[PDB]
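Same chain, two versions here, written out as C-alpha cells and called structure 1 and structure 2.
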Structure 1
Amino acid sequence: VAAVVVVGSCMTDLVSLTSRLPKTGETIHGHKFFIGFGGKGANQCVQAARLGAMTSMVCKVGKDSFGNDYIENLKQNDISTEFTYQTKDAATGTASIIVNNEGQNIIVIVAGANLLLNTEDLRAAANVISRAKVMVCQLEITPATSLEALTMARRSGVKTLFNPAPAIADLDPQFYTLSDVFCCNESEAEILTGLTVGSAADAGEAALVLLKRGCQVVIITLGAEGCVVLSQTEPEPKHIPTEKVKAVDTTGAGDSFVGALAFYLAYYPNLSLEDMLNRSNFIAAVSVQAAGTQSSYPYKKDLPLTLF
C-alpha cells in the first residue's frame, strides 16, 4: 500500500549551459547539454520515496522516449507507476532551460501530456487514493484534476498537502478549503495575496490571509530564513529557522521540503508540526548543498538517525 500518493507533474528538463543568455533574435553556442528529470509532482514523490515512504505517482507522460525514460526514473526510485499513464496525444511535459555562468536562466515550460491527466484517470486510482495517508498536489496539471484529487482524498479521510506552484492569482476558492496543509514559497504567497513578502513578518501577514480563506495549516517557505507556519488551532505565526549552510544549487529545494513533509505527515503523525517542519527544513537544507534537483535529494541512509 502507498502511504503517500502524489497526483501531479513529470517534466523532462532539457538543459543548455552557455557563457551568456541569448537575446531576442540571436543564435548563440553553448558548451554543454544534459537532461534531467523534473516536475514538482515527481520531485516531491522522489524525496518522499528516498526517505523511505511507500509512494505512488499518478501522472501522465507521452508515449515517447522521454516518457519511457521518466517511467524508468520512477521505478529506479522505487515509486509505484501503477497509475503513471502514457498518451499518444501529447509529448511528455518539458522544461527547456538555458543557464549562463552566473547561474541566471531562461526557462520555457511546455506542460504537454501533464495537461491530459483527467478526472477518469483519477477515478481509476480511487482505491489507492483512499488507502493512502497523504495526498500531494500542485498546479502543474489541469486545476480541475488537482481539485478532484483533493476532493477524493478528503472524502476518504486522507490528509491533503497542496502546493499552489506555480501560483495563480485567482486560484479557485475551493483549493483552500480542501487543503489540510497548504504549502508555498514567498513568491507564490505574493501572487496569491498581493502582499509583498520580503521578511518572515511579511510572510506571517500573507499566511493569515491564506488561513482565513480556509486552509487548516499554512506554511510559507523562506529560502535560507526557513519557513513560517500558522494553523487554525495556533493561528499565531511562528518562524522556524533552517540550518545556515553554503548553497550549491537551490533548484527543487521546495519540492524536497514538500516531499519530506509528506513523509512525516504519513509516517510520523504523532510528531508535532513544528518538529516535522524542523526536520523538513533540514532535509531541504541538505538538498541545497548538492547539484541537479532529483540528484540532490538525500536518502534515509545518508541522513542523521535523529530525523527518524
Structure 2
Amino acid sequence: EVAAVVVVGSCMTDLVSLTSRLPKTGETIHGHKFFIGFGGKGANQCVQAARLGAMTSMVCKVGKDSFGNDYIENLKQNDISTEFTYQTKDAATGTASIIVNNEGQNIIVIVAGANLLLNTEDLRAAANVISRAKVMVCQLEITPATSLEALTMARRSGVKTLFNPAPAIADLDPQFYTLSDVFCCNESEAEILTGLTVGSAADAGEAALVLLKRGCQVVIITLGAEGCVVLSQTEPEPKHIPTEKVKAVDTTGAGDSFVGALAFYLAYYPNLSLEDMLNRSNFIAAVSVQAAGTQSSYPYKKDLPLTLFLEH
C-alpha cells in the first residue's frame, strides 16, 4: 500500500547501564543492569503513527552492523516500510550510551553515526514514496541540510510538511520556517530558537508568534503537563489547549508520541479542526507518559478509546 506518512530522520540505539555511582576518570565501575532500547526522534515519531494505524515509511540510515539489522527488525515489527532505510558500512548505527546512578543522575554520550550520512542522493532515490505521501515529518537528528531537502522535496509535490526542530539549533536556516506547514517544538527549543524566556503559556504564545512571523503556517509549542499552545497564519491568537493531569510514570519520548500522533491525524483525519487534532494528540502522548520505556510506552489503536478515531 502507498505510505501516507513518510518520516525522514533518525534511528538511534539506547545502550543503558545502571550503576550505584557514576564513574570517575580512569575508573571502572560494575553496574547492576544493562538494557537496550530503540530510540531516535524519527523512528519514535514513525512508530507512534504506525501504531495508530498509519501506513508509514521510514527514510533513514543505520549501519550495516547488528544494531542496524536489529533496528530494521524493530521497524518491521511495527509495520513500518523499510524500503528506504539505508544501511551503510561507513559508520555505525547511531548510539546513545547512558549511565544512570542510584540518585537518578546520568551521563549521556551520543554518537549520531550513520544518521549523519543520510544524504540528498538517498532522499532522491525515495522520491516515489515522498511524492505520494500526505505528510512528511522531519527533525534535526540528521544533517540539517538533509532535513531541509526533504522538506523541499515534500513542498514541490504538495505534501504537507511537519517539522520538529529538535534538538534545536540557535542559527536555524530561515528556510526551515518557510518550508514548514506545521512547526512543532517544546519550551526549551523555542527559547533556543527565539532567544526568549518561556516560563509560562503566555510567554510561549509570544515565542510562538516570533516563530510564526518567520513564515511557519502553523506553530505548536508543547508544554509538558500543561498541554500545548497553537497559533496559525489564519488565526494568530495563541490558543492554549490544556491536558487533564495524569500520574506520570516516565515522560521520556512524550514529544515524539505527540508529533507522531499529529502526523497520523494530518494524514488520516484532515477534516478535524486543529484544536481537535491537538486534543487527541495530547491524550495519546499523555498515555505514553504513564508507562516506561519510550517506544514500548506508545499505545496501539486497539488499547485506546474508540472516540479518538471517529468524527465529532
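Only the largest set of C-alpha atoms that superpose within 1.5 Å between the two forms is called the rigid core. Numbering for residues begins at 1 and runs along the sequence of structure 1. Shifts are known only where both forms have a C-alpha.
Summarising the superposition on the core between structure 1 and structure 2, the listed residues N105, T151, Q76, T119 contain exactly one with a Cα shift of 2 Å or larger, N105.
Residue displacement note: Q289 has its CA displaced by under 2 Å between structure 1 and structure 2 (rigid core superposed). The two forms, fitted on the rigid core, differ between structure 1 and structure 2 by less than 2 Å at the CA of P298. When two forms of a protein are overlaid on their rigid core, residues whose CA moves 2 Å or more are considered shifted, and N270 is not one of them between structure 1 and structure 2. The shift recorded for the CA atom of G30 between structure 1 and structure 2 is 2.3 Å, with superposition on the rigid core.
Core superposition gives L17 a CA displacement of 1.7 Å between structure 1 and structure 2. CA movement of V46 between structure 1 and structure 2 equals 0.1 Å, with the two forms superposed on the rigid core.
Regions where at least three consecutive shared residues each shift by 2 Å or more at the C-alpha between structure 1 and structure 2, after core superposition, span 18-30, 99-106.
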